[PDB]
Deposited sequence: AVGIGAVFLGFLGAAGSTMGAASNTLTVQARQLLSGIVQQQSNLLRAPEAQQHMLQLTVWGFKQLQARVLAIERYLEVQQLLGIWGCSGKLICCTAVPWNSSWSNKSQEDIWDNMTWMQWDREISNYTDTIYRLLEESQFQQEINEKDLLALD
């Protein structure tokens, strides 16, 4: 069980092995001038740069600190009308990322809009006695 080992596996199999990719995500798959010192410094800044913006989306959504995370946004049939076992037991994650690639940005906005209303609702519910 290793890094990206289930890249060509079904999404149901890759969902069971998604901690390996999240584990070795800040650490690798394991003061001089600009020759190597400045190039590797800007290189490792890009590492946490590509990491926080993904942790940022989990923050505005209701997924801050979770690997699997459910929400309240209903799945639009316009995105995909594929069977539940044709996705998790017949499709890989990158093959699946292409079908939604057109609709990826719409769900992101819809995920944070739904969660902000969840926040303002729990705020209204906690204002009681």
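Residues 1-8, 39-54 of the deposited sequence have no C-alpha coordinates in the model.
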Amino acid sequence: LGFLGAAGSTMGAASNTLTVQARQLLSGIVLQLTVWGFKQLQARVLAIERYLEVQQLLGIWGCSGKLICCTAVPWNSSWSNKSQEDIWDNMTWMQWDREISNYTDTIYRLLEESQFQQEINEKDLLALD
From here on, numbers count along this sequence of modelled residues.
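Two stretches are in play, 63-71 and 97-105, and the higher mean C-alpha B-factor belongs to 97-105. Comparing 42-50 with 77-85, the stretch with the higher mean C-alpha B-factor in the PDB entry is 77-85.
Comparing C-alpha B-factors across 121, 16, 21, 114 in the deposited entry, the largest value falls on 16. For the set 91, 26, 31, 58, the maximum C-alpha B-factor listed in the entry falls on 31.
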